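K.L.:
opening piece of the complex, as it sits:
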Amino acid sequence: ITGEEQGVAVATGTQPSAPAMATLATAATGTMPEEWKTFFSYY
Amino acid sequence: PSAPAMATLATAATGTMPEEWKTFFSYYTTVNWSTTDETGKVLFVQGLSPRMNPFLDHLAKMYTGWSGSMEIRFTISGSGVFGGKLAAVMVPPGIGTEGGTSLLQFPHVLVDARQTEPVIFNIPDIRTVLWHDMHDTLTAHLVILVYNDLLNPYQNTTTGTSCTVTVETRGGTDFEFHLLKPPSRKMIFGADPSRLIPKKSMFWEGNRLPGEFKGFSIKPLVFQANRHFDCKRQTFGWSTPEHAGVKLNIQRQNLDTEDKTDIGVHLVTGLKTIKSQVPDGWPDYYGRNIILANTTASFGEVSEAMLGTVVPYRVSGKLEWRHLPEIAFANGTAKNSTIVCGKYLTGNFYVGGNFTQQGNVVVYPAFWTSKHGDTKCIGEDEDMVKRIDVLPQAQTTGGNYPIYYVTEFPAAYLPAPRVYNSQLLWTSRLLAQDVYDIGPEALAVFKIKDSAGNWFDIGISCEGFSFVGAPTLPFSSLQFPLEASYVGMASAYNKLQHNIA
């Protein structure tokens, strides 16, 4: 069966951490996703 | 007198839907997947060109442009036992297929070696312009890489085991030719390069010397001037392509050796010229510094002669000539029964033969003397090819190698005697009278069939040299009844494919 690009594949893990640590990091530094398209830059 | 009725009855009898070449898939190639093909190895590269599907191949000759996508139908026909994974990568237009392993960092679909159904790929039609032109190569590519090697559990036959991948093509739902053109009409910047290689081997003459085709040779380098014509009508040789032989005016012994011991040398006049001073049909390959000493009668003492057969021309009378025997060709004034000069067609042209009468005559290159030690086809040597002012050439063009066509010519010591030919005679007659589509960065590709599934692409460049993918393919394995079949315009920098036992 043809396997997709995006990944048709199976997920696996063992004893993982949380995703709230991602929120912790996002708090640490307020990095909105696509910033560079927001502010001019000297030329 | 007529009726629609009659047309209705014919549709009943025969079932034709009025444009049904767009519905089915048609054969394109078969690519061998070996149990010895290393990861990343490129199985299959093919840029979007209408020229694939035979039917669009036909219809294209009648159109100036094209658009839309096309479909590729793979049939992976392995056993249920074989393990293996085949990668499919679409290359954004203009990015090269340089090296397999890398490409894999594109987005890519995986195709398993044990698939029960064929796979249909729609090569996208990414374009910057509203409609393409019949020669445009800056198109999206499809690359089929090997991702995990073809595992066969069985190794009792230890090596050389294989699987078969057959390719079929169709117009996409949206493929549509654009501008109607008469068949046979030359497009601006070139004629249709389809008519370059005859269809059948039977018709294959070499451009160097007349003979029956006997196979192909591969070299790292390639070089020929005479009767070699580029895609764009330029030609650095000196001859019209007709193998008519070279017909000359014979001057008497006025500059023949005066202290001779052997058959004399006679300065001649070309009478027809393409290039100044050069007789039309001067044999291109012969030894430098030839010695005509000891040339009593036999000529077999000469090292690299190009002996020619002789016959009279527009004599209009009693044949006052003597018994015209054979000629040795030469070039370069000498102080004795020798011919010193070489490397260039600057010097005066001379004729080795027992001639006494002044007049005009035809001579054909007819036999090759050689040194007793020859193991080399006529034209192996740069040093012996003859230049006017420039030798064209080709070397490995992005992993693609130049080929010489090989043909028989009678040639003294050499067992199985051969001459190397740059261009097929056909390809030469054309490309003389017409300009051809082969772009500066192009490679017009042909497909050479014999039997047993043997095939190998030959491609023609701008310069008009024949190219091949790999450098050592066993030509020895082929069957004579070769057949050519145009393919398309492949990007010069790609690798040409090859599939032979």
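P.N.:
Ah, there it is. Numbers count the residues shown, from 1 in each chain, chains lettered A, B, ... in the order given.
K.L.:
whichever residue of chain A sits closest to chain B bridge partners, please.
P.N.:
Proximity of chain A to chain B (C-beta to the nearest C-beta) peaks at residue A:3, 3.9 Å away. Placement of C-beta: from N, CA and C, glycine included. Beta-bridge pairing for residue A:3 (DSSP bridges): residue B:110.
K.L.:
now it: how far from residue B:115?
P.N.:
11 Å (C-beta to C-beta, to the nearest Å).
K.L.:
same question, residue A:24
P.N.:
Taking C-beta to C-beta, one finds residue A:24 at 46 Å from residue B:115.
K.L.:
of those two, who's got more company?
P.N.:
Comparing residue A:24 with residue B:115 by other C-beta atoms under 10 Å in any protein chain shown, the one with more neighbours is residue B:115, at 16 against 10.
K.L.:
surely that one meets residue B:80?
P.N.:
No: the pair residue B:115 / residue B:80 is not scored as a contact, 10.3 Å apart, by C-beta atoms under 8 Å.
K.L.:
was I right about the residue of chain A closest to chain B contacting residue B:87?
P.N.:
No: taking contacts as C-beta under 8 Å, residue A:3 lies outside contact range of residue B:87: 9.8 Å.
K.L.:
joint contacts of those two?
P.N.:
Both residue A:3 and residue B:87 are contacted by B:109-111, under the criterion C-beta atoms under 8 Å, 6 or more residues apart in numbering or on different chains.
K.L.:
quick check: residue A:2 touching residue B:108?
P.N.:
No: counting by C-beta under 8 Å, residue A:2 sits too far from residue B:108 to count as a contact (11.2 Å).
K.L.:
how far does stretch A:2-16 stretch from start to finish?
P.N.:
30 Å (C-alpha to C-alpha, to the nearest Å).
K.L.:
distance from that stretch to the middle of the chain?
P.N.:
17 Å (C-alpha atoms, centre = their mean, to the nearest Å).
K.L.:
then stretch A:1-11?
P.N.:
Using C-alpha atoms, centre = their mean, the offset of stretch A:1-11 from its chain centre is 20 Å.
K.L.:
got the contact list for it?
P.N.:
So stretch A:1-11 is contacted by B:107-112, B:115, B:119 (C-beta under 8 Å, 6+ apart).
K.L.:
include this sequence as chain C:
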Amino acid sequence: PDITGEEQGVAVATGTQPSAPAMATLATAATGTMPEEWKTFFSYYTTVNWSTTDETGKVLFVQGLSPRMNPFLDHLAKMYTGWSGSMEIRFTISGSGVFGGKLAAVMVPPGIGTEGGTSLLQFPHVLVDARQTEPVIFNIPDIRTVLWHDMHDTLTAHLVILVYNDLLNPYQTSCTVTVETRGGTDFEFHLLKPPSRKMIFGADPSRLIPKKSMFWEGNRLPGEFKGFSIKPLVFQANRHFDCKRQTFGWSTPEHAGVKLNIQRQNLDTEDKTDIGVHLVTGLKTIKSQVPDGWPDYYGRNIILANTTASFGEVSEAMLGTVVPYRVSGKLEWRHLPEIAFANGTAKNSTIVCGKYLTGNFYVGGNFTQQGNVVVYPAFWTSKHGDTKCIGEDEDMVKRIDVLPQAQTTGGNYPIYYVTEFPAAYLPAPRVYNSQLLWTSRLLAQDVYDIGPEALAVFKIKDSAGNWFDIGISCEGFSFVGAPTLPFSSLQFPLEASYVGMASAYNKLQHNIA
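P.N.:
So that you can see how it sits with the rest, here is chain C on the chains above:
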């Protein structure tokens, strides 16, 4: 499941799919297209000449309905096996308003005979004046007996352009008429094939005469083609091949020399005054002991004398230039001279040559070694009093067997193709040929359907619009339908089109200024 259909397979999307419909619409707008463009407009087909000398009822243009009538349909036809429907004819006369005459197009139904004569005016004709100053548009209905037509059907409808009123010319010239064709609304191809899948059975007569004069080599001696000649009787033994692959000759179509072997013996002629002679053994033979490729024409009674100086012989046998066959050493041969060919018995120094190639074979030449050689027939002459082209004389045409021969046949005169050969004091040297070389290669490799009383008629066309019909008989001989016509006028770069199967003993057609 296991079964796989003509159009099936998993659909897979890779990478960037760029919204096909929008771009397709953009392109469609960029260049409008109808379902079949080649049916909306008229395409140049053929021009035919019209001379003041043309009596009433002279046929100008004969064209049985086919796809070949139009360029685009002609090219498409490669992809199909069958056709149906009508074709629209647009024809024009161009001429000075001073000229006067009328021309009548009639759509001849299949069963009618397409010859001239005033009776052909008497069924629905459309007529054009030399002053009309407008194309006239008339339709060719597709009358059939069979539900659809094959690609070679000879039962098709016919178009004849007659001279109605002669072409008067106040001053004292040839006008020109052009034909433009168009697919009808009803035209429709049928069973679909790949091109490169050659026509039916590989027995197709269309593969006989090459489409361009660039390839028209002759079957008697090598060289580039110079037109045709008419004769009351036409004959040749060698390289002549019948419908049935029967050949009374002694040669394969190869036309690449004679593969012979020389015996050292000088045959003890006069030590002077002649080059002596060697007997010959052929390395190869298609028939009886006959070496492959002796010249079919040369003088009997070859008096070799004084020949030591040069080949000044009368009534020549072919002089031929010589090569060593192949060797493993340096070169065993010496100073190979020009050969002169001969057959029969060496009764004397001179070789007694018969009309028949039954005797031993001999060559005049200063040989002394033994070895294999190849010789090419390369020069000829006769006595100064002669002007006859090579192959004209019955007697000099050499025979093993029955000498095939074509008589003036049912209003048709057999023809020789003429090509040039190197020869001297024979003004404009020519050699006569029963066949083209392509019609010798073929007819060797394949059997054909050429009927016992049927001819395969080909339309050979000048540039200047002239045309005439050449038909290949079961015997392989070419025929045309006049005792004499001005081939002198013929422009050298001809083309041929296959016209179909026509009964032998019906006259052939011709239209030359």
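K.L.:
now with chain C: the contacts of stretch A:1-11?
P.N.:
Counting by C-beta under 8 Å, 6+ apart, residues outside stretch A:1-11 touching it are B:107-112, B:115, B:119, C:10, C:12, C:14.
K.L.:
run the last query once more with 10 Å
P.N.:
B:85, B:87-89, B:106-112, B:114-117, B:119, B:147, C:10, C:12-15 (C-beta atoms under 10 Å, 6 or more residues apart in numbering or on different chains).
K.L.:
same question for stretch A:34-42.
P.N.:
residue A:32.
K.L.:
name the residue of chain A that lies nearest to chain C.
P.N.:
Counting by C-beta to the nearest C-beta, chain A gets nearest chain C through residue A:2, at 6.2 Å.
K.L.:
need phi/psi at that residue.
P.N.:
Dihedral angles of residue A:2 (phi, psi; degrees, to the nearest 10) stand at phi -50, psi 130.
K.L.:
with the one 4 residues further on instead?
P.N.:
Main-chain dihedrals, residue A:6, degrees, to the nearest 10: phi -50, psi -20.
K.L.:
the one 3 residues further on now?
P.N.:
Dihedral angles of residue A:9 (phi, psi; degrees, to the nearest 10) stand at phi -80, psi 170.
K.L.:
please apply the same query to the one 3 residues further on.
P.N.:
In this entry, residue A:12 is assigned phi and psi values of phi -150, psi 160 (degrees, to the nearest 10).
K.L.:
for the one 3 residues further on, same thing?
P.N.:
Note on residue A:15: backbone dihedrals following degrees, to the nearest 10 are phi 60, psi 60.
K.L.:
next one is chain D, place it on the structure:
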Amino acid sequence: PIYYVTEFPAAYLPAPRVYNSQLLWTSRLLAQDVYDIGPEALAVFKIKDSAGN
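P.N.:
Let me add chain D to what's already shown:
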């Protein structure tokens, strides 16, 4: 560990060669700036020959 091998002429030594701790460029850099490679870390560069080895 590895030696970058290069050729400069010598006597009596077939296939003359020299051993090198660092490419010239890998030395030019590491002079001009403080690259952040750690005490127990390796900056890994993948070397692909033509043909894929």
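K.L.:
please re-evaluate the contacts of stretch A:1-11 in the presence of chain D.
P.N.:
So stretch A:1-11 is contacted by B:85, B:87-89, B:106-112, B:114-117, B:119, B:147, C:10, C:12-15 (C-beta under 10 Å, 6+ apart).
K.L.:
rerun that using 7 Å as the cut-off
P.N.:
B:107-112, B:119, C:10, C:12 (C-beta atoms under 7 Å, 6 or more residues apart in numbering or on different chains).
K.L.:
of the residues you listed, just say which sits nearest to chain D.
P.N.:
residue B:108 (17.0 Å).
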